[PDB]
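J.: Pasting in a structure now, in structure tokens, and then I'll have a few things to ask.
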Amino acid sequence: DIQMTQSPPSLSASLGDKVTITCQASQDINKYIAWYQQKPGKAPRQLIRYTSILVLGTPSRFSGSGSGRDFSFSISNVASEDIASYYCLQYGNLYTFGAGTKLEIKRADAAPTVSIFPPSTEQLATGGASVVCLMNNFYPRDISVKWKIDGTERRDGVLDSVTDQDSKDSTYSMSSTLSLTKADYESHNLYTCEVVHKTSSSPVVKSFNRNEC
Amino acid sequence: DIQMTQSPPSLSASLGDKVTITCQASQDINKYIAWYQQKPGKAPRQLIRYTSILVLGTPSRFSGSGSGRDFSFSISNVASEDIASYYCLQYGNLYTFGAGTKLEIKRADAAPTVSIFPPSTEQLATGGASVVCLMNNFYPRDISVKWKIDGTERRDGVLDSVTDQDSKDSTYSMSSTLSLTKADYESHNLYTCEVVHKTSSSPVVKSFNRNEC
Amino acid sequence: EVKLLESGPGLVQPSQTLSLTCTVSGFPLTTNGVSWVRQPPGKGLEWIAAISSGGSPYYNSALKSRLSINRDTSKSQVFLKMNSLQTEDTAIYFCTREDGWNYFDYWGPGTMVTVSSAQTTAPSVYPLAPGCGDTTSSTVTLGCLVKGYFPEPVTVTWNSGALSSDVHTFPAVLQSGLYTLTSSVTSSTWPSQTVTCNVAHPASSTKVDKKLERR
Amino acid sequence: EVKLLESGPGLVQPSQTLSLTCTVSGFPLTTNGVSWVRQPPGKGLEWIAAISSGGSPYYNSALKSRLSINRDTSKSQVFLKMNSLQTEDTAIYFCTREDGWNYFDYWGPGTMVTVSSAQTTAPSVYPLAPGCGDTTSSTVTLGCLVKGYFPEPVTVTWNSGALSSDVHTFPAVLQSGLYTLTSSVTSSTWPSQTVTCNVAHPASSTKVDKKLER
């Protein structure tokens with residue numbers, strides 16, 4: 001049972017940089033190591049086999065080196081779509097995967113395009129109310145919540161979700177869901193989302209009526 | 001006319017190696033050298049023109065280079081699909097093809113799938129008999145195949161034919177056909193193939209009894 | 001043309017035993033070994049078991065006891081059976097081929113299996129279009145609230161994978177006992193162009209098609 | 001749509017002259033040059049003869065004496081004749097174009113011309129099915145034995161094309177003055193679903209279909 005130890009757990013770089021991850025074997029696996037790239041909700045994609053032979057169709061920007069117990073994997077001139085977790089695999093004596101490495105790209109700075117949604121007619125029908133606020137595509141990933149109904153900041157009913165870094169625009173999106181009683185939703189009128197990025201000299205408050213259809 | 005000395009005649013390189021096939025003109029041809037690839041039973045495919053100009057279709061891992069009388073073409077990561085033969089062509093004055101170069105790749109050992117087939121009756125109805133033995137998808141190329149009839153090697157009537165390394169899997173395949181008269185055929189009982197390949201230790205025997213068809 | 005497909009329950013009870021099936025497609029179990037590899041949610045790949053092209057079973061040393069791998073060479077299937085199931089066991093289970101030269105190149109799409117004594121609850125999907133008076137700004141951000149479902153996972157598409165736009169499908173969040181997740185997309189032909197999310201919940205074998213109306 | 005096709009008698013008697021034709025397609029011989037290239041079996045390509053866009057001829061110096069190339073710009077074809085052939089002359093003959101900028105980019109399928117005295121012999125396609133006891137693995141190797149024909153080539157397809165994967169068609173070999181070739185293929189749907197080979201030997205107008213029974 002050979003143990004693989006993958007080194008940088010997280011890599012943050014800039015478009016065009018050359019990144020390098022290494023993996024160490026607890027035992028001499030010779031040259032039986034592979035490298036995989038993995039996007040979310042998808043099956044691992046082998047990029048390299050035998051330390052350095054590139055799986056056909058793999059950009060030549062990717063490469064590997066090593067022998068015995070020491071190996072490395074590099075991406076010279078990283079692109080936005082390389083933003084994926086990566087793993088090494090020894091197949092010299094059975095099989096063992098490294099813990100992986102999440103590669104994050106540092107990009108320009110963008111502000112969150114905040115959106116607001118009042119409970120759907122349909123959901124109010126059955127007596128439930130679910131307010132959702134979406135702050136899509138922004139950088140960096142450090143953003144704030146804050147739900148204000150009629151001035152009061154409610155928190156006993158909110159779930160926040162940050163996505164993974166868009167392998168397209170190197171940004172981050174976030175969702176906040178304020179769920180409450182269709183009877184609680186009616187005791188109030190002012191529904192204010194409002195969030196504060198480090199790109200706005202104040203909060204980007206998005207609010208909705210309550211009334212309307 | 002002008003002479004094109006190609007080298008090497010054959011090449012057995014490991015997957016992912018960088019291979020270089022060379023041609024030396026006997027006279028200056030300027031940059032008028034073109035390179036071709038030929039897969040079994042097909043017409044020659046042009047990969048590189050004007051010493052280094054990649055004709056569309058040739059993958060980036062291919063490159064042509066050279067100075068006046070010394071030229072060569074290189075494959076940065078020999079892929080299985082690159083298994084084939086290659087020719088340089090000087091079209092500087094008239095035309096000349098180099099002798100060609102056979103590119104075969106090294107692969108992990110692969111034992112053959114042996115299959116034996118008794119003659120058809122439509123053939124026996126003819127007066128003759130052909131028994132076929134198949135050793136498909138193996139590596140290395142070296143393999144011995146003999147016919148044992150009722151415990152006696154039959155050297156006569158055997159026609160062997162090995163395949164050209166499949167660029168699809170770096171393996172070879174072989175066909176053995178033992179022919180005799182139906183007279184001779186029906187006058188015997190046990191037909192054994194017997195394959196000797198380094199992948200066994202013990203020969204691989206595949207037999208059928210005529211008294212059972 | 002080679003392929004692999006994993007089959008099995010998205011939710012099993014603790015202590016019970018999990019039986020999964022890897023259906024091989026463009027190659028023979030006779031010259032191709034097959035392996036099982038699991039990946040907890042949000043964590044990394046773990047190789048759990050292997051069966052050679054000769055039928056020899058090999059296992060991860062941390063599971064070598066409650067693990068069995070076998071094959072049915074007449075139907076191209078490899079079975080994985082794991083008992084003494086425990087929470088930590090809930091992951092996506094994948095199967096790969098190994099043909100002795102190529103290793104772990106072809107993978108199934110995998111199956112999320114969840115060990116819990118809970119009961120599978122389908123999701124409740126609600127559309128996400130702007131308030132009744134909030135005017136559109138051309139390109140409109142939309143979504144669907146896929147909530148109150150268990151266990152994971154739940155996938156969602158738009159216009160039947162024909163939109164793809166800026167799909168910001170949001171990581172799920174378990175509240176009390178269920179998950180709630182939101183999937184967002186943008187587009188400007190809507191209102192005019194009908195946008196509708198395609199949610200699917202395997203564990204419950206349910207499929208919902210929520211048409212984001214107008215409002 | 002740029003294409004070329006070599007055509008002509010594919011069997012010739014030692015010391016006899018061969019007559020071949022190369023027909024051009026999506027381009028004019030009036031603005032294109034055509035060359036003939038031959039390749040013995042197992043050996044390398046050898047350029048011989050060529051005609052310019054002006055219709056001027058050039059031959060391989062070694063073979064000049066026994067070569068003559070010309071064309072019908074009109075009919076868009078290039079003809080080639082070779083004097084007193086000998087065994088070493090058997091090979092496939094390709095015709096390829098020059099044009100002036102891109103040289104020998106487009107080639108034809110090539111035509112096999114065998115210099116022999118043997119007579120043209122249609123083949124005999126026999127099935128290659130397991131049996132007489134034997135095992136079974138749901139995935140089986142099948143094939144056809146195309147045997148005793150002359151000369152080359154013979155073309156073998158399977159199910160006219162249906163998922164023709166795992167098809168090992170072995171290079172023909174001469175045994176007792178005749179060619180024998182074997183085509184393999186693996187099934188998992190046989191015998192329930194049919195697998196039959198489509199063997200064609202032009203040199204005798206043989207176009208037969210042999211089902212793989214059992």
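Note on naming: chains are A, B, ... as they come in the structure tokens, residues start from 1 per chain, ligands start from 1 in the order shown.
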Taking 6 positions as the minimum chain separation for residues in the same chain, which residues sit within 7 Å of residue D:107 when counting only C-alpha atoms? Answer as a VMD selection string.

T.: (chain B and resid 43) or (chain D and resid 4 94 to 97)

J.: Chain A residues within 8 Å of chain C, counting only C-alpha atoms: which ones, as a ChimeraX atom specification?

T.: /A:1,42-46,91,94-97,99-100,115-118,120,122-123,136,159,161-163,173-175,208-209,212-213

J.: How far is it from atom CA of residue B:108 to atom CA of residue A:88, in Å with one decimal?

T.: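 So the two atoms, atom CA of residue B:108 and atom CA of residue A:88, lie 21.1 Å apart.
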
J.: Pairing every Cα of chain B with chain A in order, what RMSD remains after the least-squares superposition?

T.: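 Per the least-squares fit, the RMSD is 0.7 Å.
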
J.: Could you write out as an MDAnalysis selection string the residues of chain C within 12 Å of chain D, counting only C-alpha atoms?

T.: chainID C and resid 1:2 25:31 72:76

J.: Any idea what's packed within 6 Å of residue A:23, counting only C-alpha atoms, ignoring anything in its chain fewer than 6 positions away? Could you give it as a list in words?

T.: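 After dropping sequence-adjacent residues, the list is residues 5, 6 and 71 of chain A.
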
J.: Compile a residue-level contact table for chain D against chain B at a cut-off of 9 Å, reporting for every qualifying residue the shortest atom pair and its distance in Å to one decimal, with only C-alpha atoms counted, rows ordered by chain and ascending number, as a tab-separated table.

T.:
residue	atom	partner	partner_atom	distance
D:43	CA	B:99	CA	8.3
D:44	CA	B:99	CA	5.7
D:45	CA	B:97	CA	6.3
D:46	CA	B:97	CA	6.2
D:47	CA	B:96	CA	6.3
D:48	CA	B:95	CA	8.6
D:50	CA	B:94	CA	8.7
D:58	CA	B:94	CA	7.7
D:59	CA	B:94	CA	8.5
D:60	CA	B:1	CA	7.6
D:61	CA	B:1	CA	6.4
D:62	CA	B:1	CA	8.7
D:94	CA	B:43	CA	7.8
D:102	CA	B:49	CA	7.8
D:103	CA	B:91	CA	7.5
D:104	CA	B:46	CA	7.8
D:105	CA	B:46	CA	6.0
D:106	CA	B:45	CA	8.4
D:107	CA	B:43	CA	6.7
D:108	CA	B:43	CA	7.0
D:109	CA	B:43	CA	6.0
D:110	CA	B:43	CA	7.1
D:124	CA	B:123	CA	8.7
D:126	CA	B:120	CA	6.4
D:127	CA	B:120	CA	6.4
D:128	CA	B:117	CA	6.0
D:129	CA	B:117	CA	6.0
D:130	CA	B:117	CA	5.4
D:131	CA	B:213	CA	6.6
D:132	CA	B:213	CA	4.1
D:133	CA	B:212	CA	6.2
D:134	CA	B:208	CA	6.7
D:141	CA	B:115	CA	7.1
D:142	CA	B:117	CA	8.8
D:145	CA	B:132	CA	8.2
D:168	CA	B:173	CA	7.5
D:169	CA	B:163	CA	8.3
D:170	CA	B:163	CA	5.9
D:171	CA	B:161	CA	6.5
D:172	CA	B:161	CA	7.3
D:173	CA	B:161	CA	6.6
D:174	CA	B:159	CA	8.1
D:175	CA	B:159	CA	6.7
D:180	CA	B:159	CA	8.3
D:181	CA	B:161	CA	8.4
D:182	CA	B:175	CA	7.2
D:184	CA	B:134	CA	8.5

J.: Next, dump the selected residues to file, keeping only C-alpha atoms, as a short mmCIF file (atom, residue, chain, number, x, y, z; two decimals), in the first residue's frame.

T.:
data_model
loop_
_atom_site.label_atom_id
_atom_site.label_comp_id
_atom_site.auth_asym_id
_atom_site.auth_seq_id
_atom_site.Cartn_x
_atom_site.Cartn_y
_atom_site.Cartn_z
CA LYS D 43 9.81 -1.41 -50.47
CA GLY D 44 10.00 2.37 -50.82
CA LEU D 45 8.48 4.98 -53.07
CA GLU D 46 10.28 5.74 -56.29
CA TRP D 47 9.44 8.69 -58.47
CA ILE D 48 9.58 7.90 -62.23
CA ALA D 50 6.34 13.46 -64.64
CA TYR D 58 10.70 14.23 -67.25
CA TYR D 59 11.70 10.65 -66.21
CA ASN D 60 13.78 9.08 -63.44
CA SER D 61 17.31 8.95 -64.98
CA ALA D 62 17.71 5.29 -64.04
CA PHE D 94 0.50 6.28 -57.72
CA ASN D 102 2.24 22.56 -53.37
CA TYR D 103 4.07 19.49 -54.75
CA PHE D 104 2.68 15.97 -54.49
CA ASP D 105 0.00 17.00 -51.99
CA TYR D 106 -2.80 15.03 -53.70
CA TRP D 107 -2.29 11.37 -54.60
CA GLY D 108 -4.57 8.66 -56.00
CA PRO D 109 -5.45 5.26 -54.39
CA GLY D 110 -2.74 3.72 -56.56
CA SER D 124 -12.34 -18.83 -52.74
CA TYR D 126 -14.47 -19.80 -46.81
CA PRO D 127 -15.88 -19.09 -43.36
CA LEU D 128 -13.80 -18.94 -40.21
CA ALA D 129 -16.10 -20.12 -37.37
CA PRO D 130 -15.36 -21.99 -34.11
CA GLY D 131 -16.70 -25.49 -33.40
CA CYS D 132 -16.02 -29.22 -33.11
CA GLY D 133 -16.44 -29.04 -29.35
CA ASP D 134 -14.50 -25.89 -28.43
CA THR D 141 -13.28 -14.18 -33.14
CA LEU D 142 -14.59 -14.86 -36.60
CA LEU D 145 -10.41 -17.26 -45.49
CA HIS D 168 -7.62 -7.80 -38.58
CA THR D 169 -7.24 -8.26 -42.32
CA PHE D 170 -3.81 -9.93 -42.76
CA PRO D 171 -1.41 -8.99 -45.61
CA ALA D 172 -1.74 -11.56 -48.42
CA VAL D 173 1.03 -14.09 -48.75
CA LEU D 174 2.11 -16.19 -51.70
CA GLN D 175 2.05 -19.94 -51.21
CA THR D 180 -4.10 -16.33 -49.47
CA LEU D 181 -5.42 -13.77 -47.08
CA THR D 182 -7.45 -14.01 -43.83
CA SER D 184 -10.70 -11.48 -38.67
#

J.: Counting only C-alpha atoms, which residues of chain A come no farther than 9 Å from chain B, as a VMD selection string?

T.: chain A and resid 52 to 56 60

J.: Kindly save the residues from that selection, with N, CA and C atoms included, as an mmCIF file, in the first residue's frame.

T.:
data_model
loop_
_atom_site.group_PDB
_atom_site.id
_atom_site.type_symbol
_atom_site.label_atom_id
_atom_site.label_comp_id
_atom_site.auth_asym_id
_atom_site.auth_seq_id
_atom_site.Cartn_x
_atom_site.Cartn_y
_atom_site.Cartn_z
ATOM 1 N N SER A 52 5.690 11.272 -17.716
ATOM 2 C CA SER A 52 5.794 12.299 -18.727
ATOM 3 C C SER A 52 5.190 12.047 -20.087
ATOM 4 N N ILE A 53 4.519 10.929 -20.321
ATOM 5 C CA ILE A 53 3.965 10.830 -21.655
ATOM 6 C C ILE A 53 2.571 11.479 -21.627
ATOM 7 N N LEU A 54 2.388 12.444 -22.528
ATOM 8 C CA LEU A 54 1.154 13.201 -22.643
ATOM 9 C C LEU A 54 0.061 12.414 -23.325
ATOM 10 N N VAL A 55 -1.110 12.392 -22.698
ATOM 11 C CA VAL A 55 -2.237 11.688 -23.268
ATOM 12 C C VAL A 55 -2.630 12.517 -24.482
ATOM 13 N N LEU A 56 -2.685 11.862 -25.641
ATOM 14 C CA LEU A 56 -3.019 12.524 -26.897
ATOM 15 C C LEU A 56 -4.163 13.534 -26.790
ATOM 16 N N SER A 60 0.195 20.845 -25.082
ATOM 17 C CA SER A 60 1.615 20.649 -24.803
ATOM 18 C C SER A 60 2.138 21.556 -23.678
#

J.: Would you pick out the contacts of residue D:116 at 10 Å or less, using only C-alpha atoms, so that residues sharing its chain but fewer than 3 positions from it are not included, and give the list as a PDB file with C-alpha atoms, in the first residue's frame?

T.:
ATOM      1  CA  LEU D  11      -1.308  -8.073 -64.379  1.00  0.00           C
ATOM      2  CA  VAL D  12       1.440  -8.086 -66.991  1.00  0.00           C
ATOM      3  CA  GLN D  13       3.763 -10.645 -68.530  1.00  0.00           C
ATOM      4  CA  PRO D  14       7.518 -10.365 -68.013  1.00  0.00           C
ATOM      5  CA  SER D  15       9.015  -8.406 -70.943  1.00  0.00           C
ATOM      6  CA  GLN D  16       5.606  -6.976 -71.762  1.00  0.00           C
ATOM      7  CA  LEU D  85       8.857  -5.242 -67.314  1.00  0.00           C
ATOM      8  CA  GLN D  86      10.532  -7.696 -64.982  1.00  0.00           C
ATOM      9  CA  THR D  87       9.500  -9.001 -61.566  1.00  0.00           C
ATOM     10  CA  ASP D  89       8.644  -3.957 -61.496  1.00  0.00           C
ATOM     11  CA  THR D  90       5.591  -5.257 -59.776  1.00  0.00           C
ATOM     12  CA  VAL D 113       0.508  -4.019 -61.290  1.00  0.00           C
ATOM     13  CA  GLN D 119      -2.944 -16.467 -64.828  1.00  0.00           C
ATOM     14  CA  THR D 120      -5.628 -14.470 -63.046  1.00  0.00           C
ATOM     15  CA  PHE D 150      -4.197 -13.937 -58.377  1.00  0.00           C
ATOM     16  CA  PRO D 151      -3.040 -11.359 -58.396  1.00  0.00           C
TER      17      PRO D 151
END

J.: Which neighbours of residue C:111 fall inside 9 Å, counting only C-alpha atoms, when residues of the same chain fewer than 4 positions from it are skipped, and could you give them as a PyMOL selection string?

T.: chain C and resi 5-10+91-94
